[PDB]
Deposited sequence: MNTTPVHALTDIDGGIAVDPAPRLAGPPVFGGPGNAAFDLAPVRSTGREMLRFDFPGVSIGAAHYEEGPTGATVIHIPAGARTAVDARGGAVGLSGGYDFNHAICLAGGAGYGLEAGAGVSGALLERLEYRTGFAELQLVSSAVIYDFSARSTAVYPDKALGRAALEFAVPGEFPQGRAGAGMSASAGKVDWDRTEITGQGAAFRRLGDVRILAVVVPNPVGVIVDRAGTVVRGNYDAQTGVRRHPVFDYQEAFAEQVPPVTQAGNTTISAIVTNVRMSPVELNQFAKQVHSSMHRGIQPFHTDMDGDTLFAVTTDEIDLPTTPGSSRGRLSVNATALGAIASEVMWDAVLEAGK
């Protein structure tokens, strides 16, 4: 039962043109540290929003699967191979941050443009305008800044980057609470799994016991409700987005990687409820650096079908739940 963080009602607010916007390097509430060679993370925000962008930079490039769900997807690129993933606020306007990343990467490549040297950035967005009283959005300059701020082995938890103005629980805006962004990391032997998430759900964040921990908080009661209780009573009366990434170092074929993405994404309906709704633009990127082979056969002491991409997906699903809970903390 954490203390509430109600977003409150928005107030006609100023947009980008009204300000000389200074990027700020986001530090969040605390820094997660981890060991994942070849992966860097940067996060930048404008205090003016507040709104921001979070960039996962994999300079060598990495094979990717994208799983998009719901009626409000805001996606650019969605490539099967990426040098960066850019997550941002600002609704569709915030896809501009990824253009800032792309242009910067072209500069770093000394303006080479061979079809194979193309720098590929996939971007996804949350609508974060109800949670504040301005129209500032992540722009090209903010995406460039997030890339510039990227470093190996660090992630700023909470109100940082794309998570500045993320919020949950939207049966009614009077009960919506600020979330954040979150990350979690596990290493098993040589295997590495990093989960990054920016939950801006219509639904609420739920822990492993089934407790609603963030979103749909009623100030009249002091208690959070699972949305289904509201929905069911609404029917009886009246009749008559989360953007995320997994990054791993395990080699998976295109088909395995795509099904892994679907599996991990669906697993997030455990910690976010409802999820994958028409109201949401839920988008997960599954990224592999293609470093570690799975064994040719899937046995172990733990079972005949225990070491495969599905197994990896189950583990990664837990890392992602932990990240969602970090974002809601």
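Missing from the model, by position in the deposited sequence, are residues 1 to 18, 30, 260 to 266.
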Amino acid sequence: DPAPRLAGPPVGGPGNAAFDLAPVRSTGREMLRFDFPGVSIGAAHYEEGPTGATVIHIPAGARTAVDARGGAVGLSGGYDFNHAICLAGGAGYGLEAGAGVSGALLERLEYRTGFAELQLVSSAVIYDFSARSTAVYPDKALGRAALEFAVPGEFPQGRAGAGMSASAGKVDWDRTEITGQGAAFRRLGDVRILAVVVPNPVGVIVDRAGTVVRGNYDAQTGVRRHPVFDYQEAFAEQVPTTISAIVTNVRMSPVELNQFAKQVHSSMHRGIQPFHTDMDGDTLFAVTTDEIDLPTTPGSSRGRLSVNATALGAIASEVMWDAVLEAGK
From here on, numbers count along this sequence of modelled residues.
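Taking the PDB entry as given, 180 to 188 carries the higher mean Cα B factor of the two stretches 78 to 86 and 180 to 188. The PDB entry records a higher mean C-alpha B factor for 37 to 45 than for its counterpart among 259 to 267 and 37 to 45. Among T283, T51, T288, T296, the highest C-alpha B-factor in the deposited entry belongs to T296.
In this structure the maximum Cα B-factor among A124, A72, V151, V202 is found at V151. The PDB entry assigns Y93 a C-alpha temperature factor belonging to the lowest third of its chain's modelled residues. When all modelled residues of the chain are sorted by CA temperature factor, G61 is found within the middle third.
Ranked by C-alpha B-factor against the other modelled residues of its chain, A135 falls in the highest third.
Residue-level temperature factors show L120 in the lowest third of its chain, judged at the C-alpha atom.
Residue-level temperature factors show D67 in the lowest third of its chain, judged at the C-alpha atom.
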